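Asks:
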Amino acid sequence: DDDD
Amino acid sequence: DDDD
Amino acid sequence: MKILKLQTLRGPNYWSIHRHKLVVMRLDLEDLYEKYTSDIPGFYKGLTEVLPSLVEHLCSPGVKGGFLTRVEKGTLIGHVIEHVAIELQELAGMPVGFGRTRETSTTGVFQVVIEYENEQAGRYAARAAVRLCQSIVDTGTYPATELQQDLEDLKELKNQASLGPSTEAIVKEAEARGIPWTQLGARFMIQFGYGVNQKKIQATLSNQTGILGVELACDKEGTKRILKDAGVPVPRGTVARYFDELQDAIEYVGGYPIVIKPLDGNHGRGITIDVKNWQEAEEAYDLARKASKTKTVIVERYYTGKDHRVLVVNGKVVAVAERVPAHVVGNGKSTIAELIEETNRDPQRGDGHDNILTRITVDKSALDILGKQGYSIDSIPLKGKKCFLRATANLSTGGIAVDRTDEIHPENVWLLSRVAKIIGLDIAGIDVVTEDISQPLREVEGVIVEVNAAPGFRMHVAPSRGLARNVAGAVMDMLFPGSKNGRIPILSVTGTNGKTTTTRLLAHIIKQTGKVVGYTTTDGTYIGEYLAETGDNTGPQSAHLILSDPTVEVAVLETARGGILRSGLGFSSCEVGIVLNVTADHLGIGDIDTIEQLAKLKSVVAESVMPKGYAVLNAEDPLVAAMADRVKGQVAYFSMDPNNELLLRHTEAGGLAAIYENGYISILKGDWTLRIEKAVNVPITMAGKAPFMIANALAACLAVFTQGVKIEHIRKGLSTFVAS
Amino acid sequence: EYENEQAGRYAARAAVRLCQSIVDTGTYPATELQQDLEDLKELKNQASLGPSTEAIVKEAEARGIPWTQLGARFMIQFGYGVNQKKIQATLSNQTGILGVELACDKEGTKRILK
Amino acid sequence: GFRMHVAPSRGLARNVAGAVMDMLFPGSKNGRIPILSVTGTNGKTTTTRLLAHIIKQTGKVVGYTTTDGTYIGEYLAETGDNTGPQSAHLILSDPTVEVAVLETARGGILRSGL
Amino acid sequence: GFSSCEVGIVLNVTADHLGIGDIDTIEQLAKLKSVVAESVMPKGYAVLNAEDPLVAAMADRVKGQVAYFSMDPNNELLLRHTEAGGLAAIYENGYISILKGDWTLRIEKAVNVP
Ligand SMILES: Nc1ncnc2c1ncn2[C@@H]1O[C@H](COP(=O)(O)OP(=O)(O)OP(O)(O)=S)[C@@H](O)[C@H]1O
Ligand SMILES: Nc1ncnc2c1ncn2[C@@H]1O[C@H](COP(=O)(O)OP(=O)(O)OP(O)(O)=S)[C@@H](O)[C@H]1O
Ligand SMILES: Nc1ncnc2c1ncn2[C@@H]1O[C@H](COP(=O)(O)OP(=O)(O)OP(O)(O)=S)[C@@H](O)[C@H]1O
Ligand SMILES: *N[C@@H](CCCNC(N)=[NH2+])C(=O)O
Ligand SMILES: *N[C@@H](CCCNC(N)=[NH2+])C(=O)O
Ligand SMILES: *N[C@@H](CCCNC(N)=[NH2+])C(=O)O
Ligand SMILES: *N[C@@H](CCCNC(N)=[NH2+])C(=O)O
Ligand SMILES: N[C@@H](CC(=O)O)C(=O)O
Ligand SMILES: [Mg+2]
Ligand SMILES: [Mg+2]
Ligand SMILES: [Mg+2]
Ligand SMILES: [Mg+2]
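Protein chains in written order, with PDB author numbering: chain A, 1 to 3, 5; chain B, 1 to 3, 5; chain C, 1 to 724; chain D, 115 to 228; chain E, 456 to 569; chain F, 570 to 683.
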């Protein structure tokens, strides 16, 4: 994930 | 998991 | 060539102020001590062929190539080592423009100061410059392979110690607003502000983002259920774990077309958008199940319309962007075969994690999609109309974003804000499929596809087909609502002989007001009435403990010369800066060999006072009083002799001074005298028999008075403080 | 009156079957009785909160604070409108993601505390 | 889990749920918002809309459900009949509603109560 | 009638009604109208017309920040001011817009303004  |  | 000591500075320091990031090395020139460049055969030619980019260096001549001219004239090798380190770390994409070199007291060692952007990169450049210069003076040249290896190592060091684009934008906004920021060592977390006023962000999640909201956003079915219970128009669908449930789930949604996508996927991992027959349905199910990490897929009705990303910060719609998939338009009477690489030649194209507009990657999956398109490589577009390459519409693959913030209907704004509040996210990215964002989602058959926690806003700050939106500004407005920084009052006490007593007295006086005081002295670090840490605890490594504590409201930091010399100040600015005295007692340590150097080093605290702060200086000390200039903010003088001419002149025009006039600790506010105590009822003064204690009390009382501390609080703190 | 919705509906459905069997045959088989009792116990266990959630809900009821069960992730909503709060078992709606994730990381927590 | 704190078995039990609810609701405050229930035979919808307008004159966000539909503020939140508890939960669980005005038809009371 | 103003707006200076009082030249009229601009407090703002050379000439000798508005979006002085700082307003493409440096904030289409 991260920076969706 | 849950209730630790 | 031997590097004795290699120190890195992170705050205001003896070498410079406003240049916090510096590296200082003690370089030995045993055999190369007092020979110029002209004395070294062929040094200039090798140096200028290894690093031709030295030509832009504007040295003290101030003209193009001035450093080169100094090299033909012949100077010490320390200067050229400094310059080559600067240029070496500048060639790796890190612009640096500060440097110094000074001869130390000892016979051979020099001091080289180099500005850096990255700590590890700066240290590596400093270490590599001496090797490069030694190789040039030994063999006349430096191998190009070693230069390329060093440049690649520098670039790798820069990339490794770099934040993300969202974190970079938020940090830059913080710096623009003057909000202090530091990097925590746990999970790439950034702390904004100090003490009780601090905040934390990781990437876009703040310390106030809820666990429940984030976990609900990641649950596709739970989010859909909650939104449907709230009347939000979510797509109609159901989950299908097995093969046999495909038909039954298909009739539930209401016919054709439908969508197949796994619930454990992200960034379009194995999602099939449009299917209109059973063979396509089964192929999509198989593909999604392969892409599914838990062999579970969901079916739902297919909704026509463009894909929009709406960014909601603090319950308000900040940016709306429509995501158009990778496409080419043949209005120039050219087919896809030319445009695929014509677009790839645009300088806007960029890979990695910095340039959002990714090049058009033509994969075999893309080949299949364009086969489904109904045209081919050499099929010229009709009438010059958009012809697509895929359907995921993601910036990571080569799509474009169009800003639609000014076109969104107010009802849609209200609905999306309500959705963000219902899910429970302070920063949310909502994916909307609708035919027209300017109309309410009820007239058209618009739906809310998903809600994303910790969204990336790189597509909103550079839409490429519209106006950029200040998303980082909105985030920082959420974190710090008004015109408020995250700072707490900071009182830095420096001086040769009375730092610890003054710090403890200041902490005791401030404790009289109902405030939690975190102060570090030589004895140890204290937070309130309890000891946080033992040991010396005087440099910035203990100042960070005070400034990062979530309960500290006021910071009183004793700042010795050793910490400033080693790594500079632990803060960019201080509310109050106290200089007690400057006496040459421990002289010769480090590069401090004259009392003028000691005064310059201790003046860092005074010069770091913010423009709205105060500098409490001793009028009786000529060196300390000489720091009156080059100080931003007001100056307050304390003097044990009430007839100090400088103090009297300062009080005549302005005021804010403290004296010991007639057995009294008095504050002068101009033409007014405010007596605090008889100085014989103050226990630390030993019934007025210790003038040093009286001077320390004067400094502490003046410092607290400058911050608006009420007089009787000062009196109580001064009377109840015991010498220990 | 019921304590569990599914259990109450099942008891209502089973009572008429038991009475019909009694009027038709004069008795009800013990195996069917124990099967129905086990089904009721399973229904009671299935629609039951945990002791932490149970205790918090009991305290809320004692204080007269309304509580409802959300249908997503066993979340309990306390209060109404703008004055509402949410808990799952012990996490509240104000519990931070960053704090929970840092607590789950043993080395990160040790580094931060040190 | 605070199970071992509410039943230590070798000491005094602690009211952990009380502390949690004190954290959630600091003072002697419940999570309730003003609820105005309008019932009757012939004037429920008009009275509900007039009440909503009057409270809207005050700077408050009013969520009201009538026979025409469910409204939150100035915008329609849901269409249909919406005169039962299934629509009252929509208003009472919305995080932006400060005052709830509910048209309570006899059908909803008969079907599933208030 | 006041010592200082929070915002001082100078719209335009045109030599039309000259001869009244001691004012006979447009330079004198500009000096007279510059009293409002020069009365702005150090924390205040002076809103000046960048398109008017005389009004734009009052940029100096003014304490506090300066904000420019221009009907021509290509005004060199306004663009230079926005590049270093910001706080300007233009009419760019049928929009009333605020320039906060490198950020453009559109208000209205200028055709929806009656
Ligand atoms: N039911 C649907 N009807 C129409 N379009 C849909 C539907 N579901 C998804 N889409 C489209 O498919 C895109 C990706 O759907 P997602 O469910 O978001 O898949 P994903 O795995 O979450 O990929 P990301 O991370 O959201 S880009 C959306 O942005 C829509 O454009
Ligand atoms: N204002 C003063 N002027 C001169 N000597 C002083 C003054 N205040 C204290 N002293 C003397 O200096 C001694 C040490 O001062 P402290 O304040 O306790 O320690 P310090 O100033 O923190 O020094 P370091 O570098 O931290 S060990 C005292 O015991 C006094 O004898
Ligand atoms: N106080 C009243 N007494 C008698 N008739 C009334 C009264 N108020 C309104 N009416 C009439 O009753 C009609 C229907 O009532 P409404 O207020 O429109 O809706 P309603 O009362 O909710 O009816 P239901 O229960 O939803 S079918 C109105 O159109 C009026 O003509
Ligand atoms: N967008 C992303 C959300 C994951 C939340 N981030 C962290 N660190 N828990 C996703 O997976 O969709
Ligand atoms: N005690 C518990 C902590 C996990 C945090 N809870 C959630 N839902 N992430 C554990 O699993 O040990
Ligand atoms: N999405 C996020 C990623 C930056 C933090 N991740 C790593 N590996 N450093 C961003 O800020 O872009
Ligand atoms: N620990 C927590 C969870 C017990 C029940 N769990 C679920 N998912 N219903 C508790 O309430 O004790
Ligand atoms: N932040 C993504 C956009 C996306 O999530 O689609 C990017 O870097 O392009
Ligand atoms: Mg996603
Ligand atoms: Mg998405
Ligand atoms: Mg000390
Ligand atoms: Mg009605």
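Think of the CB as a built atom: it goes at the ideal place given N, C-alpha and C, for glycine as much as any other residue.
If the cut-off is 9 Å on Cβ atoms, which residues from the region 459-477 of chain C count as contacting chain F, listed in chain order?
Replies: Listed in sequence order: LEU467, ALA468, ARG469, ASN470 and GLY473.
Asks: Starting from E/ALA555, find everything on chain D with Cβ-Cβ shorter than 9 Å and list it in chain order.
Replies: Result: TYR194 and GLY195.
Asks: Given that D/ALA169 touches chain E, what residues does it touch there, using C-beta distances under 8 Å?
Replies: Within chain E, the residues near D/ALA169 are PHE457, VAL461, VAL471 and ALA472.
Asks: Rounded to the nearest angstrom, what separates C/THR48 and C/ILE86 at their Cα positions?
Replies: Those two C-alpha atoms are separated by around 15 Å.
Asks: According to the Cβ coordinates, are C/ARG404 and C/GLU322 closer than 8 Å?
Replies: Taking 8 Å as the Cβ cut-off, C/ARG404 and C/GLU322 qualify as a contacting pair.
Asks: Please give the ranges of any alpha helix (DSSP H) in the region 541-586 of chain C, keeping only runs that are unbroken, at least 4 residues long and fully inside the region.
Replies: Taking only runs of at least 4 residues, the alpha helix (DSSP H) segments lying wholly in the region 541-586 of chain C are 561-567.
Asks: With a threshold of 8 Å between beta carbons, is E/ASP549 in contact with chain C?
Replies: Closer than 8 Å: yes.
Asks: Can you tell me the Cβ-Cβ gap for C/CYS133 and C/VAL96, rounded? I've got them flagged as a contact below 8 Å.
Replies: No, C/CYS133 and C/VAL96 are not in contact; Cβ-Cβ is about 18 Å, not under 8 Å.
Asks: What are the boundary residues of the alpha helix (DSSP H) that includes C/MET693?
Replies: Looking at the DSSP string, the run of the alpha helix (DSSP H) that includes C/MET693 is 691-706.
Asks: For C/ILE360, write down the residues that DSSP places opposite it in a beta bridge.
Replies: Answer is none; C/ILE360 lacks a bridge partner.
Asks: Quick check on F/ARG675: does DSSP put it in helix, strand or coil?
Replies: Here F/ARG675 sits in strand by DSSP.
Asks: With 16 as the cutoff for other CB atoms within 10 Å, does D/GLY213 come out buried or exposed?
Replies: Label assigned to D/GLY213: exposed.
Asks: Straight-line CA distance for D/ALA129 to D/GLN160?
Replies: Those two C-alpha atoms are separated by around 21 Å.
Asks: May I have all residues whose beta carbon comes closer than 6 Å to any heavy atom of ligand 2, sorted in chain order?
Replies: After applying the 6 Å Cβ criterion, the set is C/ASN497, C/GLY498, C/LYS499, C/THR500, C/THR501, C/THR522, C/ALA560, C/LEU580, C/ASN581, C/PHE692, C/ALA695 and C/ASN696.
Asks: Compute the beta-carbon to beta-carbon distance between D/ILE179 and E/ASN470, rounded to the nearest angstrom, for a pair I have assumed lies under 8 Å.
Replies: Not a contact, Cβ separation roughly 15 Å.
Asks: Let me know if F/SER666 comes out buried or exposed under the rule of 16 or more other beta-carbons within 10 Å of its beta-carbon.
Replies: Buried, because 16 or more other Cβ atoms sit within 10 Å of the Cβ of F/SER666.
Asks: What are the boundary residues of the beta strand (DSSP E) that includes C/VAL63?
Replies: C/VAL63 -> no beta strand (DSSP E), and no H or E assigned at all.
Asks: Under the criterion of a Cβ to heavy atom distance below 7 Å, does D/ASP150 qualify as lining ligand 9?
Replies: Result no, Cβ not under 7 Å from ligand 9.
Asks: At a cut-off of 7 Å, is C/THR397 close to ligand 6 when judged by its beta-carbon and the heavy atoms of the ligand?
Replies: For ligand 6, not one heavy atom lies less than 7 Å from the Cβ of C/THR397.
Asks: Where does residue 733 of chain C fall in DSSP's three states?
Replies: An answer regarding residue 733 of chain C cannot be provided, because it is not within the stretch 1 to 724 covered by chain C.
Asks: For C/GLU677, collect the residues of the same chain with a Cβ closer than 8 Å to its Cβ; drop the 5 residues on either side in sequence, then sort them by chain order.
Replies: Cβ within range, chain order: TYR664, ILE665, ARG715, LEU718 and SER719.
Asks: Using 8 Å as the threshold, is the C-beta distance between C/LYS158 and C/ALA126 below it?
Replies: Taking 8 Å as the Cβ cut-off, C/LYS158 and C/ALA126 do not qualify as a contacting pair.
Asks: May I ask which residues mark the beginning and end of the beta strand (DSSP E) holding C/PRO611?
Replies: Run containing C/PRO611: 609-618, per the beta strand (DSSP E) assignment.
Asks: Can you tell me whether C/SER60 is buried or exposed, with buried defined as 16 or more other CB within 10 angstroms of its CB?
Replies: Looking at its Cβ environment, which holds fewer than 16 other Cβ atoms inside 10 Å, C/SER60 is exposed.
Asks: So if DSSP puts C/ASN452 in a beta bridge, which residue, or which two residues, is it bridged to?
Replies: Beta-bridge pairing links C/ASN452 to C/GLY429.
Asks: Indicate whether C/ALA615 and C/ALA636 have their beta-carbon atoms separated by less than 8 Å.
Replies: Contact flag set, yes.
Asks: Can you grab the Cα-Cα spacing for the pair E/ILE490 / E/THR538, in whole Å?
Replies: Between E/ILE490 and E/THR538, the C-alpha separation is close to 15 Å.
Asks: If you run the structure through DSSP and keep just helix, strand and coil, what is C/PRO262?
Replies: C/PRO262 falls in the strand class under three-state DSSP.
Asks: What three-state label does DSSP hand E/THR534 in the structure shown?
Replies: If DSSP states are grouped into helix, strand and coil, E/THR534 belongs with the strands.
Asks: Cα-Cα, which of C/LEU51, C/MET476, C/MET94 and C/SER396 is closest to C/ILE136?
Replies: It is C/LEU51.
Asks: Would you kindly report the start and end of the unbroken alpha helix (DSSP H) that includes C/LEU246?
Replies: 246-253 is the extent of the alpha helix (DSSP H) around C/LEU246.
Asks: State whether the region 303-319 of chain C contacts the region 421-431 of chain C, with contact taken as three or more CB pairs (one from each stretch) at a distance under 8 Å.
Replies: Yes, the region 303-319 of chain C touches the region 421-431 of chain C.
Asks: Throw me the rounded Cβ distance for the C/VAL582 and C/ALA599 pair, which I believe falls under 8 Å.
Replies: At roughly 5 Å, the Cβ-Cβ gap stays under 8 Å, so C/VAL582 and C/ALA599 are in contact.
Asks: Closest by CA to C/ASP244, which one among C/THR296, C/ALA291 and C/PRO257?
Replies: Measuring from the Cα of C/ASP244, the nearest candidate turns out to be C/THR296.
Asks: Compute the beta-carbon to beta-carbon distance between C/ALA625 and C/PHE638, rounded to the nearest angstrom, for a pair I have assumed lies under 8 Å.
Replies: Between C/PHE638 and C/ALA625 the Cβ distance is about 11 Å, and since that is not below 8 Å, they are no contact.
Asks: Buried or exposed: C/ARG465, going by 16 or more other Cβ atoms within 10 Å of its Cβ?
Replies: That one is exposed.
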